[PDB]
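Taken in order, these protein sequences are the chains called W and H. To get full-length UniProt numbering, take the position in the first sequence, counting from 1, and add 82. To get full-length UniProt numbering, take the position in the second sequence, counting from 1, and add 82. Quick reminder that beta carbons are idealized off the backbone N, C-alpha and C, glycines included. Taking it in order: structure first as structure tokens, then the write-up.
2 protein chains.
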Amino acid sequence: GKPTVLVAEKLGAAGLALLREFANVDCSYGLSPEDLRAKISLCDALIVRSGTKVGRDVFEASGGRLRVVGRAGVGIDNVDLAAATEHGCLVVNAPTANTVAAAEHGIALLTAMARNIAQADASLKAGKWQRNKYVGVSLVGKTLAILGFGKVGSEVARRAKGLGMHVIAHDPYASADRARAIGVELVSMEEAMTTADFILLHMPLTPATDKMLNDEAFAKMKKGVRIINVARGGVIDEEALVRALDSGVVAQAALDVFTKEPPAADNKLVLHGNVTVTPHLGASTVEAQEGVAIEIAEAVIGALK
Amino acid sequence: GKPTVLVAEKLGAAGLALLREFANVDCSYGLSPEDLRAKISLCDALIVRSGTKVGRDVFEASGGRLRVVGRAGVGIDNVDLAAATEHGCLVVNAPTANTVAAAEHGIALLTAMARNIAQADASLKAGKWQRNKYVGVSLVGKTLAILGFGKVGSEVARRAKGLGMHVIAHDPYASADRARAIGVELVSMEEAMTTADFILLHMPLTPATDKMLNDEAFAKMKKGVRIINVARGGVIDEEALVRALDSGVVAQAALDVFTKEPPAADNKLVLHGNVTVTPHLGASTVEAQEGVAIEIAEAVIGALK
Numbered sequence: 083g084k085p086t087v088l089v090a091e092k093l094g095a096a097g098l099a100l101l102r103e104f105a106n107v108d109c110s111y112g113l114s115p116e117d118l119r120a121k122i123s124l125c126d127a128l129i130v131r132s133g134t135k136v137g138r139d140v141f142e143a144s145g146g147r148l149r150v151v152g153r154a155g156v157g158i159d160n161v162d163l164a165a166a167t168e169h170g171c172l173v174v175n176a177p178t179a180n181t182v183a184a185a186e187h188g189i190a191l192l193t194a195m196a197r198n199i200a201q202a203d204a205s206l207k208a209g210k211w212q213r214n215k216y217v218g219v220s221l222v223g224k225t226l227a228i229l230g231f232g233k234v235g236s237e238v239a240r241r242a243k244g245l246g247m248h249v250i251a252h253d254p255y256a257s258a259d260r261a262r263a264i265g266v267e268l269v270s271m272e273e274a275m276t277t278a279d280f281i282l283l284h285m286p287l288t289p290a291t292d293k294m295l296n297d298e299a300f301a302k303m304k305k306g307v308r309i310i311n312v313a314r315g316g317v318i319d320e321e322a323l324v325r326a327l328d329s330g331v332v333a334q335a336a337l338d339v340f341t342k343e344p345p346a347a348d349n350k351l352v353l354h355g356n357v358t359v360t361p362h363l364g365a366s367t368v369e370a371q372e373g374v375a376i377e378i379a380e381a382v383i384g385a386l387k
Numbered sequence: 083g084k085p086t087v088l089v090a091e092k093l094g095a096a097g098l099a100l101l102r103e104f105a106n107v108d109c110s111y112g113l114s115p116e117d118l119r120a121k122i123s124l125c126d127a128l129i130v131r132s133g134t135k136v137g138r139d140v141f142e143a144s145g146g147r148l149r150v151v152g153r154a155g156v157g158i159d160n161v162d163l164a165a166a167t168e169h170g171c172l173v174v175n176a177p178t179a180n181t182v183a184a185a186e187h188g189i190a191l192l193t194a195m196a197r198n199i200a201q202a203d204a205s206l207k208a209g210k211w212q213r214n215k216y217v218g219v220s221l222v223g224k225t226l227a228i229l230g231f232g233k234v235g236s237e238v239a240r241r242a243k244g245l246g247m248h249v250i251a252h253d254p255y256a257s258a259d260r261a262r263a264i265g266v267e268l269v270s271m272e273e274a275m276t277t278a279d280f281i282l283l284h285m286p287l288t289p290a291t292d293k294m295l296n297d298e299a300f301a302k303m304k305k306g307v308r309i310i311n312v313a314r315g316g317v318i319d320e321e322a323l324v325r326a327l328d329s330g331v332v333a334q335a336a337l338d339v340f341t342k343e344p345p346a347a348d349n350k351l352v353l354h355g356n357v358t359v360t361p362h363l364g365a366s367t368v369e370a371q372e373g374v375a376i377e378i379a380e381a382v383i384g385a386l387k
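Below is the structure:
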């Protein structure tokens with residue numbers, strides 16, 4: 083029994099060594115839609131991370147051998163998810179490993195924002211010693227607002243209440259009991275906008291969330307509010323955040339994800355003074371890398387059986 | 083009843099207005115040791131932050147008018163307590179208001195270093211999109227060793243376990259009950275060195291602690307340890323820290339204090355790739371500033387009664 087698993091995108095040797103113990107593993111890496119279509123007819127399972135677009139044509143082209151698609155990581159946006167099961171192909175993901183290291187990165191964005199770790203380190207490496215330019219805020223007692231109470235959203239909260247913040251969340255799909263059991267009040271969407279000193283974005287990018295943080299949302303906010311985006315860019319109106327920081331509605335902004343990766347080489351948020359930008363690093367911790375590998379590994383393998 | 087308080091160094095206008103309700107206040111900022119010896123004979127109280135030297139000659143020069151010296155901030159290194167006590171003079175300080183925004187900043191240095199927030203932000207801004215160079219490390223389950231279990235020491239432990247780390251400390255003058263009461267084991271010095279995935283330094287600088295972090299220290303540590311200093315520079319042999327980063331014993335280092343502030347323009351720690359540096363920003367939060375003003379103000383006024 084030699085099941086065949088095509089691994090389209092780089093994968094953590096920890097997991098590749100689990101798959102190789104339970105399957106044939108093809109690691110052709112980055113194939114053109116046609117190469118892939120040619121291979122998938124001969125694969126009992128496909129594993130992808132983010133770049134591979136498991137479209138409708140990919141299921142169509144397999145001819146019913148492809149049983150299970152393994153999405154390494156958290157999101158699944160790229161698997162045509164309705165074709166998948168229409169053709170009778172299970173789709174499984176690797177959420178919990180990247181989830182930890184992704185809230186970990188949000189918190190790291192929040193604290194480093196709040197004290198200007200980033201600008202200051204640049205200022206001092208550049209010889210300048212400008213102690214008065216980089217005075218930060220505290221976190222204790224500050225109200226943090228979480229939009230979209232996912233695993234990361236609630237894992238974040240848990241870390242932010244450990245830093246001693248008041249943490250609130252808005253997400254119409256959120257178990258009032260789970261929230262109250264970590265100490266998070268579920269609040270209205272206007273209450274979250276107004277009363278927050280800090281706002282993080284953990285929302286999926288749907289038509290209802292697109293360009294959500296636009297000029298109307300920034301008006302409702304408290305002045306002196308700071309904002310951290312670790313979910314998906316473009317859920318912010320990028321031009322509108324450029325204008326709210328230029329005014330002093332938003333005091334400073336911490337941005338992992340963008341509307342475009344790589345962002346424009348002139349793109350104003352990335353270049354702005356009060357912004358702390360990292361290049362979609364949210365799940366870039368060695369530990370998650372190796373634990374996501376092992377997760378879809380065990381996930382694919384358990385489907386396949 | 084008109085008391086006279088000489089405030090040598092800037093002070094949050096909150097504090098100044100409290101002091102001007104209960105005394106005459108001279109804000110002669112930055113005097114030469116002679117001008118201060120001249121004034122101190124006309125002053126019932128002297129409030130200083132970190133730069134003014136309350137040496138022995140000052141206590142002599144005042145002739146006994148001076149009743150209380152107020153240390154705006156945490157330590158008292160600059161005040162010759164020995165001489166003040168001798169000349170029947172009280173010393174008071176502003177420990178708690180800074181204490182927190184110190185630990186706060188310490189944590190921010192930790193999380194920003196773990197995830198290369200500083201190096202990555204400066205790269206993106208520099209056009210570079212280098213997603214793989216800047217893979218971070220998970221904090222969770224890691225061992226944070228706190229050398230010096232002061233008020234700031236324990237206060238960091240609190241934030242750390244809330245990020246979900248395994249926090250041990252070594253300070254021989256620490257109540258094992260306070261320690262266990264916040265979930266921190268107190269451990270030997272060789273244990274702190276060897277077991278730690280992270281080491282922060284909250285140690286004041288004695289001839290015992292001077293250049294304590296030395297080549298012999300670094301060999302004892304676990305390879306890939308990351309070191310966060312927010313207490314006093316010099317406790318670290320800079321030359322040896324650099325040689326331990328360049329050799330990869332020390333993974334990376336987040337340094338707020340230095341052996342010489344402002345550091346040398348060529349200083350290899352400041353300019354090093356794996357080092358995140360801030361210019362002694364430890365207490366530079368707007369909250370801890372206004373809060374320390376009002377602390378010594380109350381502290382001086384109460385003594386002065």
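Nearest Cα to W:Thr358 within the set W:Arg119, W:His169 and W:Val339: W:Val339. Ranked by how close their Cα comes to the Cα of H:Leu100, the residues H:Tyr111, H:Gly112 and H:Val87 have H:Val87 in first place.
For H:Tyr111, the nearest beta carbon of chain W is not closer than 8 Å to its own beta carbon. The criterion of a C-beta distance shorter than 8 Å is satisfied by W:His284 and W:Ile228. Sixteen is the threshold: since fewer than 16 other Cβ atoms of the shown chains lie within 10 Å of the Cβ of W:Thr167, the residue is exposed. According to the DSSP secondary-structure assignment, W:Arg153 is paired through a beta bridge with W:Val130 and W:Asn175.
Chain H places no beta carbon closer than 8 Å to that of W:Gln334, leaving this residue out of the contacts. Scanning the region 290-370 of chain W for uninterrupted alpha helix (DSSP H) segments of 4 residues or longer gives 297-302, 320-329 and 350-353, listed from N- to C-terminal end. Closer than 8 Å to the CB of H:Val312 there is not a single CB belonging to chain W. When the Cα atoms are used, W:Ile310 and H:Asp162 turn out to be separated by approximately 46 Å. With respect to chain H, the C-beta atom of W:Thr367 has a partner C-beta closer than 8 Å. Taking C-alpha positions only, W:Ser110 is separated from W:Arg102 by approximately 14 Å. A distance below 8 Å separates the beta carbons of W:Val89 and W:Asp108. Take the alpha-carbon of H:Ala105 and the one of H:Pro85: they are about 5 Å apart. In this chain, the alpha helix (DSSP H) harbouring H:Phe141 covers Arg138 to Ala143.
Listed along the chain, the chain W residues whose CB falls inside 7 Å of the CB of H:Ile250 amount to none; the nearest CB is some 18 Å away. H:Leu206 and H:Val332 have their C-alpha atoms some 25 Å from each other. By DSSP's assignment, W:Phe231 forms no beta bridge with any residue.
Leaving aside the five residues that flank W:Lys302 on each side, the residues in its chain whose CB is nearer than 7 Å to its CB run, in chain order, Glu272, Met275 and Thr276. In terms of CA proximity to H:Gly137, H:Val151 leads the group H:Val151, H:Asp126 and H:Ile383. At least one beta carbon of chain H lies nearer than 8 Å to the beta carbon of W:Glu186. Within chain H, the C-beta atoms nearer than 8 Å to that of W:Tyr216 come from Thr360, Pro361, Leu363 and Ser366, in chain order. Scanning its chain for C-beta atoms nearer than 6 Å, with the 5 sequence neighbours on each side dropped, one finds no residue around W:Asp159. Residues of the region 219-236 of chain W with a C-beta less than 8 Å from any C-beta of chain H: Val219, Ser220, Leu221 and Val222, listed in chain order. For W:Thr276, the enclosing alpha helix (DSSP H) covers residues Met271 to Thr277.
Taking every protein chain shown into account, the CB of H:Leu124 has fewer than 16 other CB atoms within 10 angstroms, so this residue is exposed. Annotation: W:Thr291 to H:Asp253 spans about 51 Å, alpha carbon to alpha carbon. Residue contact check for H:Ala95 against chain W: no CB pair falls below 8 Å. Residue pairing by DSSP places W:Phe280 opposite W:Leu226 and W:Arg308 in a beta bridge. The beta-carbon of W:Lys304 is placed no less than 8 Å from the nearest beta-carbon of chain H.
If you check each beta-carbon in the region 165-185 of chain W against every beta-carbon of chain H, the ones closer than 7 Å belong to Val182 and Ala183.
Taken through DSSP and simplified to helix, strand or coil, W:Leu148 comes out as coil.
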